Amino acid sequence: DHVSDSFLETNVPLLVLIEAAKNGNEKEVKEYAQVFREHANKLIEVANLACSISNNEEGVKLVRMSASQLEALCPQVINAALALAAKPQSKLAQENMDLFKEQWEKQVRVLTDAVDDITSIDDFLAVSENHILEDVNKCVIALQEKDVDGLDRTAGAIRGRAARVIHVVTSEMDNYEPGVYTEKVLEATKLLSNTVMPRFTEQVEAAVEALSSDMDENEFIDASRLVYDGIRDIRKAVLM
């Protein structure tokens, strides 16, 4: 491997590219467009290596796709810049730039987390901690905005990732010689699957119950935060 999120996640070349084009600096635009591209290719090559050594079928598919969409978008982004550099004034040109910027940053993020999910268990558990806590914050928020859809989909994304964590780690422990280490990891996963997730789902269904009908907000927040704690406990246990 030998790569950091720092390299994978950066949109710096993009941002800087957009800055040039923003002020008709045709010179640097062609300079930055080249760094952008070079960065994207390396990102795609790194992603390619991650796959070869990986056994995860679905995990690789995700990386492949995410990597493809980056190839397709790249040219579109550079060109969209040249369209702005030539007409920094063109309101149309500006909009396209940002829209492309969003599309690009979302895929770069998808790619980072995807590559990380197949790099190693700690990486996978680290990504799992971020998505979970972020999904938890969204849930809490969706609940407060009585956004049943948000709550429902977000709580679903949480259950899916936690179930994925539970399977990947329990499965992982199967490769080790049973001991204090492994038993402590399994204790932590069973805590999540047998006690914490159920109560969480219990909270969600009830929240989606009231809302779509004629509750304790702090209860939900506690139940949800607990899902994050069980994930962190699993990760820590696995780091022993």
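Numbers follow the displayed sequence, beginning with 1.
Unmodelled residues of the deposited sequence between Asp214 and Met215: 4 to 9. The PDB entry records a higher mean C-alpha B factor for 37 to 45 than for its counterpart among 192 to 200 and 37 to 45. Once the C-alpha B-factors are averaged per stretch, 2 to 10 and 230 to 238 rank with 2 to 10 first. Per the PDB entry, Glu26 shows the highest C-alpha temperature factor of the residues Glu187, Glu177, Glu26, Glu172. For the set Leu73, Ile132, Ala85, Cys139, the PDB entry puts the maximum C-alpha B factor at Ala85. In the PDB entry, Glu145 places in the highest third of its chain by CA B-factor. Among all modelled residues in its chain, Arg161 ranks in the lowest third by Cα B-factor. Annotation for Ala21: CA B-factor lies in the highest third of the chain's modelled residues. In this PDB entry, the Cα temperature factor of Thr119 sits in the middle third of its chain's modelled residues. In the PDB entry, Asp113 places in the lowest third of its chain by CA B-factor.
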